[PDB]
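Novice: my sequence and its experimental structure, below.
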Amino acid sequence: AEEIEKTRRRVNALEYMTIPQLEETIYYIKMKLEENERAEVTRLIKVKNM
Amino acid sequence: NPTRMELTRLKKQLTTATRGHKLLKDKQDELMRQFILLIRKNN
Amino acid sequence: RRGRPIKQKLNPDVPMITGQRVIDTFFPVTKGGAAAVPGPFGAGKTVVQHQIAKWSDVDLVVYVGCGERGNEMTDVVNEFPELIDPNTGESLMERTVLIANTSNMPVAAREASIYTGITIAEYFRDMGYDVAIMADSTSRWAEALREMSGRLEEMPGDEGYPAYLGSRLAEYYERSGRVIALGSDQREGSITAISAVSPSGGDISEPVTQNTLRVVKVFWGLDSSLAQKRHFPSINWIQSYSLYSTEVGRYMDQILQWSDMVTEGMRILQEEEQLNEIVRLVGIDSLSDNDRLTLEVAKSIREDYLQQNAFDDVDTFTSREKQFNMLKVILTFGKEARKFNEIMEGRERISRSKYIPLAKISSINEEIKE
Amino acid sequence: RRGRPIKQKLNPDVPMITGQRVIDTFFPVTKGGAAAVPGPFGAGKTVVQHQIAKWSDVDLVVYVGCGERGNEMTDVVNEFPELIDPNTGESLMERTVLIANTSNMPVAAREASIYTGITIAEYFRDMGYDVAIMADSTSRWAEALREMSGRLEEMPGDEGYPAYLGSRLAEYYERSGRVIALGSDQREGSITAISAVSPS
Amino acid sequence: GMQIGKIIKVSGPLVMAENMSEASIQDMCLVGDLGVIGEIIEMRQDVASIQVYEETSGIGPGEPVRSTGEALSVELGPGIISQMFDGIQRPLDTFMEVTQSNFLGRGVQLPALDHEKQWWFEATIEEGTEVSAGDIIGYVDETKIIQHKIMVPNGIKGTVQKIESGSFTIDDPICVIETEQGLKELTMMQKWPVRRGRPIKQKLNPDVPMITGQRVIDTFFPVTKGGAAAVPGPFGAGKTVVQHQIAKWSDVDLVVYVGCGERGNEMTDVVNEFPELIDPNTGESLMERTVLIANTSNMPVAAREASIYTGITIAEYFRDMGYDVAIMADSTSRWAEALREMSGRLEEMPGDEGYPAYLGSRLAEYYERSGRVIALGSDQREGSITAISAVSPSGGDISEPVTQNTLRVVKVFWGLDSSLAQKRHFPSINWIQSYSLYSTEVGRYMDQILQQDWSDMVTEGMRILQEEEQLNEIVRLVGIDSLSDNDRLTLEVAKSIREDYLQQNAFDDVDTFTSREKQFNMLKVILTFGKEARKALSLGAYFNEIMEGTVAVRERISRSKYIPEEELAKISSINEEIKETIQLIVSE
Amino acid sequence: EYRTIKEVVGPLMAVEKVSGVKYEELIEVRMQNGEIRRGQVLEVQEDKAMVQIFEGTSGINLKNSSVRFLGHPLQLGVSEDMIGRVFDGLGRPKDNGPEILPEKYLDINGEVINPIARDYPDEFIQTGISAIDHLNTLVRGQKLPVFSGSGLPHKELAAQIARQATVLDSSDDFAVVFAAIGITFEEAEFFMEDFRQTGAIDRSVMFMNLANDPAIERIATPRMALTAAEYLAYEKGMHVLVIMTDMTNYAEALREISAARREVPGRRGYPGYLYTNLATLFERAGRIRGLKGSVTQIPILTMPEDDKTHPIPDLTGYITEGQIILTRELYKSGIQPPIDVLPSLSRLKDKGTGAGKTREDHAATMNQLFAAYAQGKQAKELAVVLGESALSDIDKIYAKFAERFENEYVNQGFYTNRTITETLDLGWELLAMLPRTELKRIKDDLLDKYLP
Amino acid sequence: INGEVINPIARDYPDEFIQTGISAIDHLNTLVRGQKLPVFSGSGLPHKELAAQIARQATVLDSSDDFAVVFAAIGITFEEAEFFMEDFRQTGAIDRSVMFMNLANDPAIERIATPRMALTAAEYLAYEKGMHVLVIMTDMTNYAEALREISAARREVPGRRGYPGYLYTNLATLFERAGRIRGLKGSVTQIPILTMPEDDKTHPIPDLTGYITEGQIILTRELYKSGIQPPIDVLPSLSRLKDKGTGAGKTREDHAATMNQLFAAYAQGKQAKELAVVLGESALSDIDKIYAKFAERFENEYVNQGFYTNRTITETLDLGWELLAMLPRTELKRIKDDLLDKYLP
């Protein structure tokens, strides 16, 4: 019973904390990268015209 | 912080963590079955 | 801006003795080699370079303070004359040249300090001397290129750096190296380049670090995580590399009568890393005795060998032989223990090997086995 | 566009009574203080702002509908007349000035509505009154500046907002505060700013 | 005839030329003395800005620019069948013969069709007949299989004045029409701009199911005549075998194959294997009714972008005759890469992942050109173009722009799966991930034409497959020995569907094609066994008893796929043996 | 008429030597081959005008082409004869019907309702869908969108509302304006077939824009529809229900046109002005003081990646008065329509419910059903995480409640129309499962009268 | 030096097996005569040693005709150029070779010209002189960086991730200068080598190259840090023409089957190693303990052959069978009992 509970806690830590934290961070990075690359090409086109 | 190296690494940790979750859940289930047999003998 | 001409470029195959364990053992540099040290701020950027400057077995050291803090230049001129080579009796300042263009000095002069330094080093190289040139930091040089590029309204490359950035760095590092100098004597000389890089936040994907690593051969990645827990020098042993490892290994095997032990040491470190990828996202719960032993050997490599205090009178430098004996002891314990709670409760002598002035280290092997 | 002159600003150290338990207890705003109310869509931003308009112990409310729903402006004009103080018999409409430039009205006018509001607030502050200014929503004001910055072909800053977004907003809020007003009287007056933000 | 331009600027791939004021936007031009392929992108006064699609090394100011007077077009007429072109309709066979080289030299320009070959034109309309676009004035027996119908071109309307049978080249006037603008002459060839869809009278719903003969497709994921399907093409999942089966077995008249911009060595495979495909009806080569576009990655960006457009314009041409055409593109990921390159070259504002902001629209423009139509002309004939398109994303992930914009406008998705190929399941189409939006309509058609509840059986077949997924996870965890008799049975029926139905050997003489009638009978017996055995379970019989008692009849089900088309009764009579065998089991 | 085209670059054209040209003025280009292409003035400066051609500029020869400036912006010729007729994105007849004679022509941008003249949305529209009529009530003058996703049955729900929607106790003065934006041929045919088969066509105006139509036409489409709606509502006194799908295709077209003018991209690549632009469509909904008639809007959109924070659903949500959410979970359970009432909301619902609008028991039961359902689903999720042995009975009762609620109440079928009376009665049947002691959101007088 | 594009119908299909002497290539990711098969490496990975080894050991079985090697060095350091030249001289391979050496400190326009010089030489030897030519080029990334430099000099606005939009055309024009030609005796086989920026395969350079070339050989840091030489990771590696150069006549009949089997057992063994770390050695079955040991030996003895070890196809296939011999008959499913009874020790 003790081993069951210790196994359960590790499962729930992964399920409700570790994995979602990784999911949310991946989403964030992915978005931020995307934004900066659009801003970068926008500026390049401006510098192009200069 | 939001670099492409972090992205690829975190994507790897997610795959690993997902597999570890499945493995530990199976272990818990296997322990549960064996417990069922013992706990009935205990009763 | 013109490289001083030579007769012939040669292969740099003699390893430099820096006396810093992690470097000389796992990520070595040769006389004529080029090494980059990219690190976040507060990684011990400075102390690492000072250590190399003071302990390397070169004839002359050209130190270039490029766009950095003035107080660090002041420290060098105060400390260097006080560092006496006992086999010689004269100070390290008597074999040093200093070039200083601080962070608040005119921008354009950062580029000049870099080229001024390398040319002076080539001059001494041409005499048949082994020279080490310290560029700290190359990033401030690159930002001077970027500011000027911006002012010329050139099309910038990544992060605003000019499209010719890769090429500039290449032109600098191609001036380093082992050569046969011009002259009837055909004297042999060399320039070893040690360059600090300062990627923002420690993101090594930035163009300065990345273009640098395509032309240098040694990568000493400083790590903020190591620095925060006071692991110094904070060199990331998984990220770092040396393209001279193979050749230096051959040389060391011959001199000492080692390659296998360095390979085995790195393999343990790599294994600990892969194990820790799991322990972080699962826990140390279900570890076998074998895996627990691996983690203990790796712990020993990290704490007893990699960690090294530049401010300790003894620990500040470790000779080739002392290095050999220390790695031997560490690996021996691992090998014998491999042959868990039982063994661990029955290693302090190993932890303090770094403070031994040689028979007191070698004798540990017999205490381990018994 | 120019803040009305005063003698000097004073520390806003008197908590305002909104009668909203969560606010007065844990997150109180002082008279002359400023509160941002940022939230996602449909989180009851209009109910909150109405409650503060309706219950705060101020002499006058300036309510600015900046780039928002037509119906919410209509709702204010319909409801405010009906909210009667039982003691004095005055309606909330009889102590309110509201300024309205809905989401589909001229874009530039969103900026205009902001400054029209705060200037009327300063006016009644000068008389020695406590005034509340509700701006709903300042996000639409910023969008209007971003649209104009584009037309002007400016270098854009963070997220396309002009580089001077910071300072324009800072100027706005620094016009709020508790003051000693001009006049030999040295009378005291305040502007309390409640601003909705609508972050994407 | 139109004014020749003079180059004023060469800068990388960009050329500017003055004296271009009589040329038009999107005109194709020959740039320099060399005369390399270019296109007019901009015009300021008389100065045209030109994108050059071939190496601009060696070109300079002074040199001439000649416009071709039209945007990128195709020649359409006798001599187009069995030819292999690049994206811009350069005749690859002719290039070898004429230039006597293995290479496509910059500056070499050759006509797409053969303007010298004699054809027998057979007149089928007599003089004095009122005609307009689409009306058939005659035919040429062009290949061993396909009859090429000579139609009145678009923009011609009037009375036939002179026409007769005879031998002509595609340049000879075979007809005289008295139009409103006066007497005009017709030849056997017409031109058409690839970017503009060939016009129709009415677009119709594609509600006729295609017979591919491939069981997983026709039954569970059907495409209709005029429909479209997207197919991801991971390596080693046997995409080409599936494509070849579809090309030779499907009941269309003509196949148009488009290689968009493929790896050099992969293109060569297709160029080799496709002519070696044999037409099941005639025993001739498939090329006898195929037009093939072959682009390698080093073809000009113009040809790689035009690839699918060139192909569908040709398909539309054959469609206008009243034919059913399949247009098969592989890979549209590589076509889109040409668009992404063009976006960058034009210094545009980029859309997602650097693709042009118009990517969605261009894909929609392509797929909406496929379909079932009533062609123009007083016949009111129906034609169709069915589109089968390969996608091959960087990461194999669907969510990327190319596959995503495609799936917004196509109604069928065949998810080829490399894991299924590694488990020796062929064709490798994932029955869970795949879908067809035509299933419900096809189902009504089938129930009517077969006079059976075919749709009820298809859904029941899928339901067992869906439930199998759930049961497999339990087997992996708990164990096969821990399942109920009902569940053990369901797994067997799902295994039978997978093995005896889904799995299909393209290289077996009988298994390579399954007729619509045969498919019914096969799925009927597989489901009948499930029905009868489950009825046996609820009567008190045991799972193991049913299995051990029905060894002979289950093997008959397994061999159903090899039953000849002439002996469909040998499948249908399995039904009686099922009922009889299980009856004895329930007894004994 | 000018033969002075000076530049063509892509879809853009610059015309010189002109006079009296205005911003947004509609233009007509006569090509050298007699082909006619229309456009819009994007920008006007001294003697130059920058214009964009709807169809694009391919094949246009500059020197031999000419430009007519029409003197007015994009217009819709309106008539009451539009009911029962089908038009394209630009208001051109698409049904080959008889010739259509405009009473007047209207700027498709409309004019803004004076906030002082605006009347708050009021009174009930019966959609026939229980999940909407009871819990997320549609009010006349409301803008109430449907958030779906690809693969979800929003096309069936849209067509269902279009034929089922009605006003009670008011005969022959309700109409539907249906705008299809950037949809494929086949999906367009679905709507066409459905309207004609059910007879919904006789009370509808339809504007059909296809995925392969010009992107400028795709963005003109909802403006054509709304101009027609305002005419029928405010000038003819009708209650008009405007349904538009798919708003996601609209926004994509907007990004396409934006990027073509090389405007600086905003959040997620969409124009900086996406909010403002959407508002100029959705704010046309409402009522006017002293006028009979109303415009009610139901924009339909697919959330990319089912991400509710994506610009399209997010800024829409900031503009509309609520949202109806379709879910993958409920759709895979066969619930038709798969409406999740937990994240769904109608903000104006109080103005269309209660005595004499629906029925006196409307508000109370709604609150009770919603609150019991939330608790029911919570107990179901508790059985998943901790087992069935974790639940008290009543927890078990609430769990069973949520099952019936989804299977019998929310699930009603795509061809099934429920009167508000049928909806409310059915609500009481579900509430009867619970102990009366648990119906704590409803006062005693209502419980005694209605509880079966 | 620009070349002319090969008529797509005039190219012939790759037929002949090329023995590189490297098990992880010849067996699992076979190089075929006329293929374009690149190596994806990284900064501080030993692609230098592997390039030298491939050039050194590459041969076609029988033929009499030997391999002429064209070696282009693009933007590399002197130290590396000297290594290559010294290895070619010290082994006598230079007598078979033509070398074009471009250095890091050479102009960007020289770096751009280098691959084109090399390939022009190769097509002359191959298609005009009838020779069989192996072309090896490192580092392609340096070529790409040179493009950006010239592109910026003409003030062109970049495409994806800072590279020219016409990068595709540019790289495709290079890599498709290869293969057999119908009617001609000679051939060009291409092995481009590139380092992946930040070890990212989605980067424009490796991403576009993959779209052009018939597969890729992947070197990894994890394998190198473990001392595996060459550090080839077979799981993400692929050769798309492999089924065309293998089997009876070409290599041996048991080529295909052993490859599939080794691949599957390797993946299975890696899973087993991970299982032991997650759940303990308790959770491993007796079969599982073997797979774990299989994957260990596979990396250490099969993949890890050393940069100066030249394995014949026979030796390689034999070693595969000795490792597959660890497994019971029951596990070797992808191998028919016919050939399992002929070769299994």
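Specialist: Perfect, I can see it now. Numbers count the residues shown, from 1 in each chain, chains lettered A, B, ... in the order given.
Novice: burial measure for residue 5, as a count.
Specialist: Went with chain A since none was named. Close neighbours of residue A:5, defined as other CB atoms under 10 Å in any protein chain shown, add up to 10. (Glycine included, C-beta is placed from N, CA and C.)
Novice: sorry, I should have been clearer: chain B.
Specialist: Neighbours around residue B:5, by other CB under 10 Å: 14.
Novice: for chain E, see how far away it is.
Specialist: Residue B:5 is 17 Å from chain E, where distance means CB to the nearest CB, to the nearest Å.
Novice: my read: that residue touches residue G:198, true?
Specialist: Yes: Residue B:5 is within contact range of residue G:198, at 5.1 Å (criterion: CB atoms under 8 Å).
Novice: can you work out which residues contact both of those two?
Specialist: residue C:205 (CB atoms under 8 Å, 6 or more residues apart in numbering or on different chains).
Novice: buried ones in the helix or strand harbouring residue F:197?
Specialist: If you go by DSSP states H and E, residue F:197 is part of helix F:185-198. Within helix F:185-198, the residues that count as buried by 16 or more other CB atoms under 10 Å in any protein chain shown are F:185-188, F:190-192, F:194-195.
Novice: what's the longest helix in the chain?
Specialist: You didn't say which chain, so I picked chain A. Assignment by DSSP state H gives helix A:19-49 as the longest helix of chain A.
Novice: wait, chain F
Specialist: helix F:362-386.
Novice: just checking, what packs against the longest helix of chain A?
Specialist: Judged by 3 or more CB pairs under 8 Å, 6 or more residues apart in numbering or on different chains; DSSP states H and E, helix A:19-49 is in contact with helix B:4-42.
Novice: the helix it packs on vs helix A:19-49, what angle?
Specialist: 170 degrees (axes from the mean of the first three to the mean of the last three CA atoms, to 10 degrees).
Novice: is helix B:4-42 anywhere near chain A?
Specialist: Yes: Helix B:4-42 reaches chain A (CB under 8 Å from any CB of the partner chain) through B:4, B:6-7, B:10-11, B:13-14, B:17-18, B:20-21, B:24-25, B:27-28, B:31-32, B:35.
Novice: would you map the helices across chain F?
Specialist: Under DSSP H, chain F gives helices at F:130-133, F:154-164, F:185-198, F:215-230, F:247-260, F:274-282, F:311-317, F:328-331, F:362-386, F:393-404, F:420-431, F:444-450.
Novice: just send the ones you listed back as CSV, with distance to chain D too.
Specialist: CSV is the format used below for those (distance: least, CB to the nearest CB, whole Å):
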stretch, distance to chain D
helix F:130-133, 17
helix F:154-164, 20
helix F:185-198, 28
helix F:215-230, 12
helix F:247-260, 11
helix F:274-282, 4
helix F:311-317, 4
helix F:328-331, 20
helix F:362-386, 16
helix F:393-404, 23
helix F:420-431, 24
helix F:444-450, 26
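Novice: if I look at residue A:49, how far off is residue D:19?
Specialist: 57 Å (CB to CB, to the nearest Å).
Novice: okay, the two: which has more neighbours?
Specialist: residue D:19 (13 against 9).
Novice: secondary structure element for residue C:265, which one?
Specialist: Element membership of residue C:265, judged by DSSP H and E, is helix C:259-280.
Novice: residues making contact with that helix?
Specialist: B:13, B:16, B:20, C:25-26, C:237-238, C:245, C:249-250, C:252-253, C:287, C:291, C:294-295, C:297-298, C:301-302, C:327-328, C:330-331, C:334, G:222, G:225-227, G:274, G:277-278.
Novice: now the angle from it to helix B:4-42?
Specialist: Put simply, helix C:259-280 runs at 60 degrees to helix B:4-42, going by the same axes, to 10 degrees.
Novice: appreciated, that's everything.
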